[PDB]
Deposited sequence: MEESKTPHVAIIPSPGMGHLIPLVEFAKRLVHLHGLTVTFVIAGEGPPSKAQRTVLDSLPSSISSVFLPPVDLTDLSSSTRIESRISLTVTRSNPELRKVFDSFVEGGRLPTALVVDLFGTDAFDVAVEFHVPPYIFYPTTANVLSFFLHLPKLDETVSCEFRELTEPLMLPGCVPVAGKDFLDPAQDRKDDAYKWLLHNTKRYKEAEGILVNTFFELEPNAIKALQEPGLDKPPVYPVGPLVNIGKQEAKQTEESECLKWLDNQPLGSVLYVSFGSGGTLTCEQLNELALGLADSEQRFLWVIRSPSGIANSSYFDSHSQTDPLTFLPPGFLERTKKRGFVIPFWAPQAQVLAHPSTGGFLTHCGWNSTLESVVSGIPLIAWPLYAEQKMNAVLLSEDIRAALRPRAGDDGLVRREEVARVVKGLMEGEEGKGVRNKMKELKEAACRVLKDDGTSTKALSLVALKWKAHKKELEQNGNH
């Protein structure tokens, strides 16, 4: 059977969907999978995630040396270089696969891991990309080499939004974070990765037709140097695994009553914003379950990570006033289970794509609160095109004040404002089931890829 090697770039939001993808490959397609894990140190959260059928093994590479990098290095530079600098160790793993008679049939990287294609090419292994965010942002990535060549200003200076075929228009000032400073190595690494996308034999994207129909149709049209694109989503943890205290609390709340609040694996708010969010959550008088992290002036400061107790940053009396109706859990919650719980009724999200897809699969409507990466692009898609998220108004200083927090929370949970988004999520919840049935469009697309891999292995071995 074909052996698929998967090399994630750092980040829980890369590993989680890749593990769901691997599980479908082994269970539904009979393939074998090895994760090759690059990094800086032992896995965190990560181990809970990698802890799987026998058909899935994990190899942890020796940690890469990133000690030459400035403390102010942006995350995408760190993420990309973790994979690039791991190539010599990845080659050693591939030599071990050759010796064991299990040369991979495919090497799957994620959106920042394209330098591992060097190893794939050396070993005559087809390179693929598993793209863990939207077809809209994939379109942006595929177009970036051309955009870079044709546009010479910082993107925030663009007066017209970018309107790629089938895509929601996005202002230059809202392009993903690593695109916002073209002089920084984060842009250099983003651009470099995008220029390698044309080398992929296929790109599997964690989205589905009904969610992004116009962008998927455009991506699948033949184009210059464009690989085949396969929507295979939503590949998520559906939340049926046994976790505890926050779920026990949830069990005691009415159907559809609780607002879950979470800023992904890496997100933090500023002090001032943390304060206004807490105050506005209390003011709203809604039930809530908030995964809290200590504040920072850097929005993705927890990406790789807490020492301090986040509860110490809450305002006077907040924990007291919300002792019954709010549950505040530091650092990490069993998010899949929360979103699948019948007592959950809404989600204030940073618009990371895994969180969005988990919410879609359970029909939970959103308040879009983007922080870093491509989240603002996702917020525009969710609120202006898909229409499954409400957005809070930030003042000219960037702060969402407590009055606005309370307004949008009540709008989502009880208001006329939230009816449209709740209905759209109901329809998307159905569609998410449709596309994953045996002859649903996402199952068909993944099956085409697995069939290609089975054919390739058959030809090689005969």
Which deposited-sequence positions, grouped into ranges, are missing C-alpha coordinates? 1-5, 50, 58, 251-255, 318-319, 477-480
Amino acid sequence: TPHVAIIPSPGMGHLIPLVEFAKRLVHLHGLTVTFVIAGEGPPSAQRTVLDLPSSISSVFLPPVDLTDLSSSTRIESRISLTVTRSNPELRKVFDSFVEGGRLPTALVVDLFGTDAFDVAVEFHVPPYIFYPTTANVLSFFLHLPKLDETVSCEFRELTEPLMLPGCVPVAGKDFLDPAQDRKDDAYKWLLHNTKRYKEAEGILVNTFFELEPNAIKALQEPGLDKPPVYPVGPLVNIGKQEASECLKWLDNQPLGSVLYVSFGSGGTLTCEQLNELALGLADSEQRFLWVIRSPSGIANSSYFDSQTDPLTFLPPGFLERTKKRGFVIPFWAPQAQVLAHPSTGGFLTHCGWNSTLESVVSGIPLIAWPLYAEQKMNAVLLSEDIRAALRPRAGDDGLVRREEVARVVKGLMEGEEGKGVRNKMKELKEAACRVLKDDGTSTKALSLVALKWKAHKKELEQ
From here on, numbers count along this sequence of modelled residues.
Looking at the entry, does 453-461 or 2-10 show the higher mean C-alpha B-factor? 453-461
Mean C-alpha B factor from the entry: is it higher for 190-198 or for 329-337? 329-337
Max C-alpha B-factor within the set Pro132, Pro392, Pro234, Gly346 falls on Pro392
Between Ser244, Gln286, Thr105, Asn214, where does the Cα B-factor run highest in the record? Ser244
Ranked by Cα temperature factor within the chain, is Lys424 in the lowest third, the middle third or the highest third? lowest
Based on the deposited C-alpha B factors for this chain, I'd like to know if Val400 is in the lowest, middle or highest third. middle
Please rank the C-alpha B-factors of the chain's modelled residues and tell me whether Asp305 sits in the lowest, middle or highest third. highest
So where's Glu221 on the chain's Cα temperature factor ranking, which third? highest
Splitting the chain's C-alpha B-factors into thirds, which one does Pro169 fall into? middle
